[PDB]
Every structure is written in structure tokens, then in C-alpha cells.
2 protein chains.
Amino acid sequence: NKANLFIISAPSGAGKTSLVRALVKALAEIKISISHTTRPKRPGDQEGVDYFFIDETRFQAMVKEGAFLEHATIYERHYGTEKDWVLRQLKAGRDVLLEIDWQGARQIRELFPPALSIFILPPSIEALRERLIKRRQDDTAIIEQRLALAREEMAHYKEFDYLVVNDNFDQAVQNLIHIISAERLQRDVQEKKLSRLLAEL
Amino acid sequence: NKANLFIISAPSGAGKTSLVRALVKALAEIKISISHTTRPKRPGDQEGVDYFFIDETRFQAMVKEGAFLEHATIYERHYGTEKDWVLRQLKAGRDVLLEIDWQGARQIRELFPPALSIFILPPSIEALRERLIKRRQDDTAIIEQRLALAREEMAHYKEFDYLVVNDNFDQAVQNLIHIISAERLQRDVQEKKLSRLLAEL
Ligand SMILES: Nc1nc2c(ncn2[C@@H]2O[C@H](COP(=O)(O)O)[C@@H](O)[C@H]2O)c(=O)[nH]1
Ligand SMILES: Nc1nc2c(ncn2[C@@H]2O[C@H](COP(=O)(O)O)[C@@H](O)[C@H]2O)c(=O)[nH]1
């Protein structure tokens, strides 16, 4: 009952989306924020599952309205975290996972100090290229551009609280579980959850 | 290869010693500091296993010599953490567990800032009395005195980073594992352990 935000960032092709989806299956009382994006809906994508897919007009509206807790521009497209959904989850006592880039992370850290951030590292640059190329949904020409953006994303790893290497899926998931589980044992969180016990003693 | 100190504190009778012993069996690269004490050696106690049992003359000597990283007086007896052994472990890249009281914790926090501290709570005051009474090695008259010292120890829980309830042994051990495991995934620790990978990228 002292819910927190858990920021997860990684270069494209690091396997972050899959890790986060397994994480929420393994843990209770934690949900993934579904972002809004102007990035074109790809074959395979599902509205309300991968993203809320909208156009620039809609997204710009939300920005001016202040509907986003956080928003950024990435590869000439827009992504943002709808503010109200997140706050409803926190109110309900559920932790929230934010799969956002380094720019969004900076915003969240300012706005919600207790937030913890985790950076997912690939075991090699070649691992990124491999995973990205195998996504037939993606253009195989923007690769050299996406990999360039990946190295720049990774240069920001120093801004994060934890680093986790995705070299073995199960182990990486287990490490994410350690990090969230430990947060939930912090004195600040426990003062609330153990209110009755601490009262007795 | 960025080893840390993990302080474990709890009122007498909370089952801390047993938890810590199971913890070191479950994790690698972590060792328990064996303290020096003037507290009389009890039936069942083993030299170099439970404590290094010495007399006041020896202990006072160590204090004046500065042989202790940390030392305190508890129930009119002396306990301390020999400094050199701990530093050797850290140098070797091994984390160190310190089973010390709240006074010792304050000293360690000053002396070694990265240190994390965990307070073990009993599920009830009656749990302490039960566990203590069942220790036939202990005098059953000092109980009301030890329980008084337990409530005063527990009032210091606010000085600790994490709170863990020992209501189920396996679960409490698993929570200790989360806490140490998460520390080892911190960016500061990972900058060292992942030096080669970060170099490649
Ligand atoms: N700041 C921010 N970044 C996001 C958000 N959603 C996705 N991203 C970032 O945008 C990148 C592009 O994701 P993609 O277009 O590959 O699905 C992600 O890897 C992530 O770093 C968001 O809501 N806010
Ligand atoms: N400060 C400090 N406290 C210790 C040390 N060793 C044991 N203690 C504290 O002294 C208490 C008494 O332990 P006992 O006499 O029951 O074995 C422990 O519960 C612990 O809080 C030590 O090396 N330093």
C-alpha cells in the first residue's frame, strides 16, 4: 500500500518487452502502463495491448492538455504515459511498470522521486541486430539508424539505479523480481504494509 | 567485485541467527562476520563458530588498540566486529554480513556509507518470549529484562533500510535473498562486474 513506479529502459532489440510481460505474470499487484504513440501500428500490433495507437493531432492535443505524466520524441515519433491511469493504479496500491526511454525516465524521476529505474543491457551489440533483423515487421533499412539510436540510449545507463543483462531470459526475469521484491521490503513501504504488526510490536 | 556490508539487526529471540545461517547457505560470495564478545560462553556455544569468546581485559585491549570496526555494550557485556577480517573479505570481493545491534549499525553506517541495513521483526512480542524461554541455555529470570531490551531495540527500526518479518522461515530467508540480490544489481556494483561487457557495449 505504498506503490511505486518502476522504470524499465533498454535499447531497441534488447528483449525488454518480453521480459516485462513475464515479470507481470510472476508478480502480483503490479501492472504495465500501456503507452500512447504516433508510431504507425505494425502488423501484429494490437490496440490497447501493445499501445494505444493514435495520430499526431490526437497526441499533440494530449500534450497541450497535460494528459501525459511523461512524453518524448523517439525516431521522429511520439510516445507518452497517460497520467490518470498510472495514478489510479498507485491509489489502488498497485506498482506500475513504465517501459519508457531515457528521456521519459528523467521526467519521471523529477515528478516521482521514489521511482526506481532499471536498464536492460544486451549481451552484445550483435544481439540487438539479430533480434531486430528477425522482426520481419520492421524495415531492414532503418537498422543502421536504430542501432545508432541504441548506442546513444545505452550511453545513458549511468542515470539508472540497476543494470540487468538479458543473456538468459529466466535469469533476467528473476533479477527483475529481486529488484521489485526488495523495493517492497523497504522501511518506507513496510511502515504502511506492516502498520498493524508494528502497532502490536 | 564491489562488495558491501549487510547489517542485520533484531531483538533477541527473533530468530535472526538462524535466518542468517540459512542465507549464507543459499548465496555465494557472502560470509558472516564472527564477533568477539565478553558475554560468557554458554553450553552449546562453539569458539570461532558462534563467537570468539574472550574476557574484558582482552576486549578492552582491542578497543584501545582500535581492533574493532564497530563495538558496543549490550546487557552489560561487550561485543565487537574485528576490523581486519571484514576488510579482507571486501578486498576478496565477498559481501559481509554483520549481525550487530542498533548501536553497531549506527557506527557502520557512518564508517561505510554504501552499507545496507535490514531489521528482522517478530510476528508478535509473544513469539520472542516463546523462542527465548525455549532456550534452556538462558536464565529464565533475565527474560523480563531481555524483553524490555527487545522493545527498545525495536524502537530503532526506523534507522534501517529494510524490514523483514520472521513469521515463516523460508519466506523470510527468501526476502533476505531478494535484498542482497538486488544490491548486487545496482549500477555502482554492475559498473565493476560488467566492466568487460560495458566496454564492448
Ligand atoms: N518516454 C517514453 N518512451 C516510450 C514510451 N513508450 C515507448 N517508449 C520508448 O520508445 C521506444 C520505441 O518503441 P517501439 O516503437 O519500438 O515500440 C521504446 O523502446 C521505448 O524506449 C513512453 O510512453 N514514453
Ligand atoms: N554492535 C555489535 N552488536 C553485536 C555484535 N555481536 C552481537 N551483537 C548484538 O548483541 C546481541 C546479543 O547477542 P547474544 O548475547 O544473544 O548472542 C545480539 O542480538 C546482537 O544484537 C557485534 O559484534 N557488535
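Order of the sequence lines sets the chain letters (A, B, ...), proteins ahead of strands, with each chain counted from 1.
- In this structure, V164(A) and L19(A) have side chains that are not in contact, with every pair of non-hydrogen atoms separated by 4.5 Å or more.
- A distance-only check finds a donor-acceptor pair linking the side chain of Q190(B) to the backbone of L163(A) [under 3.5 Å].
- Under the 3.5 Å distance criterion, the side-chain polar atoms of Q103(B) are matched with a main-chain donor or acceptor of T73(B).
- Atom CG of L97(A) and atom NZ of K31(A) lie 12.0 Å apart (nearest 0.5 Å).
- In this structure, CD on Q174(B) lies 11.0 Å from CG on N168(B), to the nearest 0.5 angstrom.
- Electrostatic pairing of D50(A) and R21(A) counts as a salt bridge here, judged by a charged N lying under 4.0 Å from a carboxylate O.
- Shown here for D101(B) and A72(B), the closest heavy-atom pair between the two residues is OD1-CB, 3.8 Å.
- Summarising the geometry of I125(B) relative to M154(B), their closest heavy-atom pair is CD1-CE, 3.6 Å, with the distance given to 0.1 Å.
- Under the 3.5 Å distance criterion, the side-chain polar atoms of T38(B) are matched with a main-chain donor or acceptor of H78(B).
- Put simply, NE2 on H178(B) and OH on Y162(B) are 12.0 Å apart, with the number rounded to the nearest 0.5 Å.
- Note that the CG atom of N1(B) and the CZ atom of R184(B) stand 11.5 Å from one another [nearest 0.5 Å].
- Atom OG in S33(B) sits 8.5 Å away from atom CD in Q89(B) (nearest 0.5 Å).
- Listed here is the closest heavy atom pair of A127(A) and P122(A): CB-CB, 4.5 Å.
- The closest side-chain heavy-atom distance from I100(A) to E70(A) is below 4.5 Å.
- For the pair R58(A) and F53(A), the NZ or CZ position fails the cation-pi test of under 6.0 Å to the six-membered ring centre and within 45 degrees of the ring normal.
- Although no hydrogens or angles enter the test, the distance criterion places a donor-acceptor pair under 3.5 Å between the side chain of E153(B) and the main chain of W102(B).
- For the pair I34(B)/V49(B), no side-chain contact is recorded, criterion being any heavy-atom separation below 4.5 Å from C-beta on.
- Formation of a donor-acceptor pair under 3.5 Å by the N4(B) side chain with backbone atoms of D95(B) is not found in this model.
- Between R146(A) and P11(A), every side-chain heavy-atom pair lies at or beyond the 4.5 Å cut-off.
- Side-chain atoms of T37(B) never come within 3.5 Å of backbone atoms of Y79(B) as a donor-acceptor pair (strictly under, hydrogens ignored).
- Taking CG of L197(B) as the start and CG of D167(A) as the end, the distance is 8.5 Å to the nearest 0.5 Å.
- Using a 4.5 Å heavy-atom cutoff, the side chains of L149(A) and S12(A) are not in contact.
- When atom types are taken as modelled, the side chain of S117(A) and the backbone of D161(A) share a donor-acceptor pair closer than 3.5 angstrom.
- The pair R106(B)-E110(B) does not count as a salt bridge, with every side-chain nitrogen at least 4.0 angstrom from each carboxylate oxygen.
- Checking side-chain atoms of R187(B) against main-chain N and O of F160(A) turns up a donor-acceptor pair under 3.5 Å.
- The only member of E159(B), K158(B), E152(B) that meets side-chain hydrogen bond (donor to acceptor under 3.5 Å, both in side chains) when paired with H156(B) is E159(B).
- Distance alone, capped at 3.5 Å, places no donor-acceptor pair between the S9(A) side chain and the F119(A) backbone.
- Considering only heavy atoms from C-beta on, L90(B) comes within 4.5 Å of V86(B) through its side chain.
- Residues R39(B) and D45(B) meet the side-chain proximity criterion, which asks for heavy atoms closer than 4.5 Å.
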